[PDB]
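First the structure, in the form of structure tokens, and then the observations on it.
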Amino acid sequence: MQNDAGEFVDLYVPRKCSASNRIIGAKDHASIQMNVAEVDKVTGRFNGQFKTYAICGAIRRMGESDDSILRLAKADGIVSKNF
Amino acid sequence: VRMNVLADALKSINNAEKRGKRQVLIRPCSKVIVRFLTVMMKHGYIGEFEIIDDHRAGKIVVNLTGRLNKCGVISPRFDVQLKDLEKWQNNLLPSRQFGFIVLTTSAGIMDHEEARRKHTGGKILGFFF
Amino acid sequence: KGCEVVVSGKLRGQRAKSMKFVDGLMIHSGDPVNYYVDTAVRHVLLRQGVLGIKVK
Amino acid sequence: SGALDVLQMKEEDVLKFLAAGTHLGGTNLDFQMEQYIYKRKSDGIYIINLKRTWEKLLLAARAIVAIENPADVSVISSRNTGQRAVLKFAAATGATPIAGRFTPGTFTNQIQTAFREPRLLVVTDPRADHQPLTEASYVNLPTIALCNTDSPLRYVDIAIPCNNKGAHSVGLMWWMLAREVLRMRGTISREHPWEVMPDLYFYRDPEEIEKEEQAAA
Amino acid sequence: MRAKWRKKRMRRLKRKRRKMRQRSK
Amino acid sequence: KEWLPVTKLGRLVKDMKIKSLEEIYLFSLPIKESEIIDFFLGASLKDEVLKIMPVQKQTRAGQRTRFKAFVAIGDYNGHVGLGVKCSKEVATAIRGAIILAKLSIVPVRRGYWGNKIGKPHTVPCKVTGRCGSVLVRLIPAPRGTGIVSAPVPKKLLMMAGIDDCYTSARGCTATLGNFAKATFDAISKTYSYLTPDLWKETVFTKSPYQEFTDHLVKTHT
Amino acid sequence: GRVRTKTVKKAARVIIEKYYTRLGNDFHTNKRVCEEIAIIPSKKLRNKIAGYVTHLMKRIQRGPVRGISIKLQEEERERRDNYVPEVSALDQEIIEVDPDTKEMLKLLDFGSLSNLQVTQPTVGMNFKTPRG
Amino acid sequence: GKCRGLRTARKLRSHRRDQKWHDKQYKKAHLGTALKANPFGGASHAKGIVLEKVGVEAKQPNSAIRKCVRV
Amino acid sequence: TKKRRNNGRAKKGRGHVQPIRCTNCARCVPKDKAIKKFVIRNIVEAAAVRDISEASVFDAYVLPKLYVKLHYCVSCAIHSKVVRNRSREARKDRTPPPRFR
RNA sequence: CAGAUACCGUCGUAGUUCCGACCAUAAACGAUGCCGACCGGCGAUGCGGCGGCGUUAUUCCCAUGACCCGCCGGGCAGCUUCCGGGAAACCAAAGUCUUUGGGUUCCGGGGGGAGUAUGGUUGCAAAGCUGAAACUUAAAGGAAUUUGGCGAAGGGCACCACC
RNA sequence: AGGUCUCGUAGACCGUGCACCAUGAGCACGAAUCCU
Ligand SMILES: [Zn+2]
């Protein structure tokens with residue numbers, strides 16, 4: 001995104017999907033941004049640490065987006081590993 | 001019948017990355033195929049791959065990332081020199097800043113910048129960007 | 001809350017045409033037309049012909 | 001959503017799940033729901049693993065409680081099985097209910113007087129409510145769905161494996177989502193059983209309503 | 001005309017041309 | 001002559017708590033109010049007609065002609081838009097076309113030809129836009145070359161800010177609407193092309209809605 | 001053919017909506033009610049309003065209607081919705097459990113429960129309608 | 001192209017020659033018929049002697065006579 | 001243009017079927033293309049049943065039926081109104097019309 | 001019927017049938033060459049093979065045939081689909097194509113003249129294969145939409161229609 | 001011992017053709033925009 005001097009020349013850096021690793025377009029209204037809450041370890045209380053994920057529109061209209069969110073929650077470690 | 005294993009291999013990995021898969025199988029193996037994926041793995045366009053060493057011809061499990069755009073094969077293998085490589089790079093790469101030409105010279109199989117540095121030519125295999 | 005103007009005559013050509021500009025509400029039947037709208041017709045004489053005005 | 005110990009099925013929710021007929025589902029099988037199914041029982045009935053229902057239920061509960069504005073989550077039901085359940089869910093968790101005749105244009109048509117534009121959609125069935133899922137594609141709207149073994153999987157983010165046919169299962173799962181969202185909200189207790197009435201979220205046919213009002217006072 | 005009967009009248013013209021060719025020798 | 005928004009994006013831009021349109025393009029939020037971009041992009045946003053064409057519908061009595069208007073919007077340093085509208089009169093058609101084109105505006109990035117010196121000037125890669133049978137292909141060009149094309153993608157690339165192009169077209173180019181829409185699609189597809197200069201994992205910045213939930217509840221129901 | 005127009009039905013619906021406590025079954029009494037409360041430029045229109053209001057009162061007296069929601073049948077729908085039984089209807093003393101469901105429940109979290117019982121399975125796999 | 005062999009130049013050449021012969025302009029410019037039946041014979045201007053002056057009519061959608069000569 | 005996915009018939013991998021004749025017409029039609037009518041009806045429908053049963057030698061007698069197969073050409077099927085044309089989206093329906101009486 | 005050497009009806013010649021010798025032509029169509037790979041699902045169908053609660057060949061066992069539940073390979077097919085493509089109709093191939101290359105054969109450059117004249121060739125003949133030019137023309141076409149028109153169909157209406 | 005078993009009765013899917021029915025002179029037609 002650079003030049004030879006070093007100054008940032010592009011106007012923004014677009015997002016990429018967490019499942020297909022494709023660039024989310026500015027007019028792709030099928031794309032999502034979802035927030036999932038992190039809980040305290042012993043109490044079971046919501047404190048506010050957030051770990052958001054984005055899915056591009058093609059994966060969502062494919063029918064395999066829930067599996068993508070399931071694999072992201074497997075990778076982060078919040079949902080149980082035995083499953 | 002099957003007359004080019006490398007063209008079918010790169011077509012299969014192109015279809016797999018275009019659909020959005022993560023692992024693919026390539027039915028035949030060759031040393032030239034392993035060199036081709038080694039070039040793309042050194043350049044970071046594909047992930048860490050595997051060799052299913054079965055006694056027929058190795059099956060290759062390639063880990064796919066989203067960094068690949070298109071993998072293509074030029075058939076037949078055209079003779080290319082140092083003076084004629086710029087035309088291929090102009091009409092076959094999408095841009096001058098990225099993309100690589102995989103050509104087989106006598107000192108191995110790698111990208112065209114390294115063959116420019118060693119000042120050698122040969123036969124072209126394909127491209128990726 | 002409702003209006004209608006109609007022009008007809010020579011509008012840039014030999015054959016006469018009619019342009020209608022309607023905006024709002026317009027009652028066409030019954031006695032409320034007799035006491036909710038006012039209709040005036042005038043003739044405009046131009047150089048190339050005569051032009052008509054109808055306002056409601 | 002299950003890595004801890006308090007986020008586990010303790011004693012009685014297993015009994016509620018077995019009483020409401022949760023474990024038995026539809027005859028046919030969707031290919032996206034293959035990970036959620038153990039093994040086909042005889043006479044063409046598929047068996048849903050209750051662990052996966054629990055973990056996807058906690059994932060949906062986390063997704064609901066993540067937003068701080070309860071008016072920005074909308075629950076959807078156009079079938080007679082879940083009319084009162086979504087209304088009482090919106091009464092308990094502060095959501096916004098849509099029950100019967102989801103009009104085509106609440107999400108996209110701007111000058112329509114019923115323009116409700118939420119941040120989160122929670123629906124009880126994808127097949128009977130394909131029209132909210134279609135209009136959830138033209139706007140950046142994540143969806144929560146309760147998915148059966150037969151229902152298609154499309155424009156979904158968290159699919160809770162369920163049996164959305166009987167009234168007992170639908171009402172029990174709506175009560176479980178309400179209980180989990182209120183438990184991570186903090187307006188209700190955790191150790192004390194808050195269970196005042198479990199039958200509050202069950203739709204019943206009106207013939208049972210006249211039979212009950214003639215049997216009782 | 002359609003192609004079938006135009007083809008047939010062309011074949012009849014061919015026939016008449018062939019007999020006048022053979023009898024004009 | 002005041003602005004009364006109907007969506008929460010219009011109010012959240014109206015109260016000067018959205019700094020620019022860049023995060024709207026980043027979070028891929030749909031735009032339904034045309035005065036947001038008029039609030040952001042002001043004096044540098046210019047427009048001109050491209051073609052007005054008539055279409056006819058056959059009825060019992062005579063023929064009914066409705067006029068379809070094309071227009072291009074975009075400032076000379078970035079974003080560009082296009083819109084199609086048809087109406088019975090010409091003034092209503094051009095006003096609806098200007099409003100609908102101003103509503104739907106894409107962003108475009110610019111790249112370099114070989115050497116990354118100075119400000120970017122050309123398309124960073126080979127992009128292709130297609131609708132109908134119309135094909136258009138954009139090639140990166142050296143500096144100072146100038147736009148070589150047909151007049152209508154020359155106009156669209158002047159409103160796109162790119163001054164260096166090599167073009168190649170195929171098909172029925174006489175249809176101005178499909179040619180303009182194909183060039184607009186070729187311009188808008190420049191972001192769905194992952195070059196290795198952005199292979200790093202992005203950091204997820206904060207969404208506007210959840211950040212200003214308190215202000216939305218404080219302002220409107 | 002005497003079919004009422006949409007303005008008659010809409011006006012009758014809203015006048016039976018906002019005013020119910022001063023209506024009856026006699027056509028003349030609610031005719032005078034519609035004359036006194038609603039301003040109507042004619043007499044035949046008011047008369048048709050009165051007739052359709054009388055018909056709607058006679059149907060509301062029998063059962064509920066899906067177009068008018070008056071105050072008195074309201075609170076009754078949420079009384080039926082807020083009805084609760086003193087039993088829980090899922091806390092039954094014995095629960096009939098499939099053997100496949102039991103070999104699920106033995107391996108998930110539990111080993112033995114004294115509240116569940118087993119049932120025999122069927123002998124034949126006949127579960128599809130004969131189609132071909 | 002269809003034939004993509006490394007040692008195929010002849011089939012490409014002969015097929016290109018045959019499909020170039022299956023044309024109109026290349027068929028016109030390379031045969032002796034289109035120049036032998038040409039009144040000018042590959043010439044731009046020519047001289048001649050007029051013998052009769054004949055006025056030929058116009059086509060369908062317009063009505064005139066056209067002044068011509070026989071040369 | 002292509003009106004139907006098949007050709008109004010039931011030939012997929014054959015290339016030739018045995019031709020048959022029409023009943024209303026005498027037209028040579030292929031067997032898989034013709035409209036078939038396997039009709040079941042009584043000798044006496046609803047008026048002479050009581051007259052036959054009240055003038056019969058035998059009590060508790062069943063009435064025999066007529067079992068014939070009708071082979072129809074396309075024009076003879078339309079002209080007798082056996083089958084009628086449908087919409088483009090409603091052409092794809094392949095179920096028979098439901099029976100009630 | 002104005003005409004009817006036509007639609008309709010009664011007769012009726014070659015032919016329709018088999019043997020033997022010929023010609024090599026169809027809307028010979030799936031209007032879609034052959035081989036090879038990849039790329040969604042669903043329920044059935046014909047063959048071969050495998051596994052499994054149960055019923056029948058009259059009550060026990062085994063294998064076989066006859067049903068039920070699932071798979072494997074090949075074949076004719078069907079339903080849905082913002083995978084993808086196309087001018088669209090539509091296509092799981094007519095996809096993997098400007099991000100243009102797996103191998104290979106035949107074949108088309110606007111509409112008429114024209115599958116025509118001539119030359120060669122096959123044949124008893126009818127004809128088959130190869131196959132132009134002069135001249136003329138600014139359109140001839142493909143898909144789809146909106147109107148009108150049907151001696152097209154399905155519902156309603158009118159004493160300027162009928163009974 | 002009782003003496004008409006009970007619950008409501010589309011209980012028309014009766015048919016197929018259908019005499020003659022041809023033609024139409026053209027001139028009458030022209031596509032667009034913003035405020036001081
Ligand atoms: Zn017939």
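Note on naming: chains are A, B, ... as they come in the structure tokens, residues start from 1 per chain, ligands start from 1 in the order shown.
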
Within 8 Å of region 21-38 of chain H using only C-alpha atoms (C1' of nucleotides), minus same-chain residues under 5 positions, as a PDB file with N, CA, C and O atoms (P, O5', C5', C4', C3', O3' and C1' of nucleotides), in the first residue's frame:
```
ATOM      1  P     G J 109     -18.573 -19.605 -45.816  1.00  0.00           P
ATOM      2  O5'   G J 109     -17.670 -18.509 -45.103  1.00  0.00           O
ATOM      3  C5'   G J 109     -17.595 -17.184 -45.609  1.00  0.00           C
ATOM      4  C4'   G J 109     -18.225 -16.186 -44.670  1.00  0.00           C
ATOM      5  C3'   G J 109     -17.744 -14.752 -44.856  1.00  0.00           C
ATOM      6  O3'   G J 109     -18.801 -13.854 -44.537  1.00  0.00           O
ATOM      7  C1'   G J 109     -17.189 -15.492 -42.680  1.00  0.00           C
ATOM      8  P     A J 133     -17.096 -17.478 -56.420  1.00  0.00           P
ATOM      9  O5'   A J 133     -17.252 -16.766 -57.836  1.00  0.00           O
ATOM     10  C5'   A J 133     -16.115 -16.461 -58.628  1.00  0.00           C
ATOM     11  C4'   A J 133     -16.493 -16.180 -60.061  1.00  0.00           C
ATOM     12  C3'   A J 133     -17.367 -14.960 -60.298  1.00  0.00           C
ATOM     13  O3'   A J 133     -16.635 -13.747 -60.318  1.00  0.00           O
ATOM     14  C1'   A J 133     -18.247 -16.794 -61.491  1.00  0.00           C
ATOM     15  P     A J 134     -17.322 -12.379 -59.830  1.00  0.00           P
ATOM     16  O5'   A J 134     -18.280 -11.971 -61.034  1.00  0.00           O
ATOM     17  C5'   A J 134     -17.749 -11.619 -62.303  1.00  0.00           C
ATOM     18  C4'   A J 134     -18.833 -11.525 -63.347  1.00  0.00           C
ATOM     19  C3'   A J 134     -19.922 -10.497 -63.080  1.00  0.00           C
ATOM     20  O3'   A J 134     -19.548  -9.183 -63.458  1.00  0.00           O
ATOM     21  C1'   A J 134     -20.914 -12.549 -63.692  1.00  0.00           C
TER      22        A J 134
END
```

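For ligand 1, the neighbouring protein, DNA and RNA residues, which are those within 8 Å when only C-alpha atoms (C1' of nucleotides) and all ligand atoms are counted, are residues 21, 22, 23, 24, 25, 26, 27, 72, 73, 74, 75, 76 and 77 of chain I.
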
message: Can you pull out the residues contacting region 29-43 of chain I? Cut-off 8 Å, using only C-alpha atoms (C1' of nucleotides), and skip same-chain residues under 4 positions away; I want them as a ChimeraX atom specification.
response: /I:8-11,17-22,63-74,77

Grab the residues selected above and save them as a short mmCIF file (atom, residue, chain, number, x, y, z; two decimals), in the first residue's frame with N, CA and C atoms.
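Below is the file part-v2.cif, written as the result:
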```cif
data_model
loop_
_atom_site.label_atom_id
_atom_site.label_comp_id
_atom_site.auth_asym_id
_atom_site.auth_seq_id
_atom_site.Cartn_x
_atom_site.Cartn_y
_atom_site.Cartn_z
N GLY I 8 -42.03 -33.44 -26.21
CA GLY I 8 -43.42 -33.81 -26.05
C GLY I 8 -43.66 -35.30 -26.05
N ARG I 9 -42.64 -36.09 -25.72
CA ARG I 9 -42.70 -37.54 -25.84
C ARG I 9 -41.86 -38.14 -24.72
N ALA I 10 -41.56 -39.44 -24.84
CA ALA I 10 -40.83 -40.18 -23.82
C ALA I 10 -39.71 -41.00 -24.44
N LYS I 11 -39.04 -40.43 -25.44
CA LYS I 11 -37.91 -41.09 -26.08
C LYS I 11 -36.63 -40.37 -25.68
N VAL I 17 -39.29 -45.73 -32.16
CA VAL I 17 -40.31 -46.52 -31.49
C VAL I 17 -41.33 -46.97 -32.53
N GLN I 18 -42.14 -47.95 -32.15
CA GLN I 18 -43.13 -48.51 -33.06
C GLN I 18 -44.29 -47.54 -33.25
N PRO I 19 -44.63 -47.17 -34.48
CA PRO I 19 -45.75 -46.25 -34.70
C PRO I 19 -47.10 -46.94 -34.54
N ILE I 20 -48.09 -46.15 -34.14
CA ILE I 20 -49.46 -46.61 -33.95
C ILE I 20 -50.39 -45.68 -34.72
N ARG I 21 -51.67 -46.04 -34.74
CA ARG I 21 -52.70 -45.26 -35.41
C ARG I 21 -53.61 -44.57 -34.40
N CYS I 22 -54.22 -43.47 -34.83
CA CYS I 22 -55.17 -42.74 -34.01
C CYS I 22 -56.52 -43.45 -33.99
N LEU I 63 -72.64 -55.57 -12.55
CA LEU I 63 -72.73 -55.05 -13.91
C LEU I 63 -71.35 -54.97 -14.54
N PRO I 64 -71.14 -55.60 -15.69
CA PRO I 64 -69.82 -55.55 -16.34
C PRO I 64 -69.50 -54.18 -16.90
N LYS I 65 -68.20 -53.94 -17.08
CA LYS I 65 -67.67 -52.65 -17.49
C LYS I 65 -67.14 -52.72 -18.92
N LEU I 66 -66.75 -51.56 -19.44
CA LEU I 66 -66.06 -51.44 -20.72
C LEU I 66 -64.62 -51.02 -20.48
N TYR I 67 -63.68 -51.86 -20.92
CA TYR I 67 -62.25 -51.61 -20.78
C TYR I 67 -61.65 -51.51 -22.17
N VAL I 68 -61.46 -50.28 -22.65
CA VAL I 68 -60.85 -50.01 -23.95
C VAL I 68 -59.76 -48.98 -23.76
N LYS I 69 -58.79 -48.98 -24.68
CA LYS I 69 -57.68 -48.05 -24.66
C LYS I 69 -57.77 -47.16 -25.89
N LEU I 70 -57.76 -45.85 -25.68
CA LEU I 70 -57.88 -44.87 -26.75
C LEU I 70 -56.52 -44.24 -27.04
N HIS I 71 -56.12 -44.28 -28.31
CA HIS I 71 -54.88 -43.68 -28.77
C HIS I 71 -55.21 -42.46 -29.61
N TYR I 72 -54.72 -41.29 -29.19
CA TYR I 72 -55.10 -40.03 -29.80
C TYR I 72 -53.89 -39.32 -30.38
N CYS I 73 -54.07 -38.77 -31.58
CA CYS I 73 -53.12 -37.82 -32.13
C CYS I 73 -53.27 -36.48 -31.42
N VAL I 74 -52.30 -35.59 -31.64
CA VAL I 74 -52.24 -34.33 -30.90
C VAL I 74 -53.39 -33.41 -31.30
N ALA I 77 -56.57 -34.73 -30.05
CA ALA I 77 -56.70 -34.56 -28.61
C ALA I 77 -57.09 -33.13 -28.26
#
```

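Shortest atom-to-atom contact with residue 32 (chain J) among J:69, J:50, J:94, J:60: J:94, counting only C-alpha atoms (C1' of nucleotides).
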
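Comparing J:124, J:79, J:37, J:138 by their smallest distance to residue 9 (chain B), the closest is J:37 (using only C-alpha atoms (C1' of nucleotides)).
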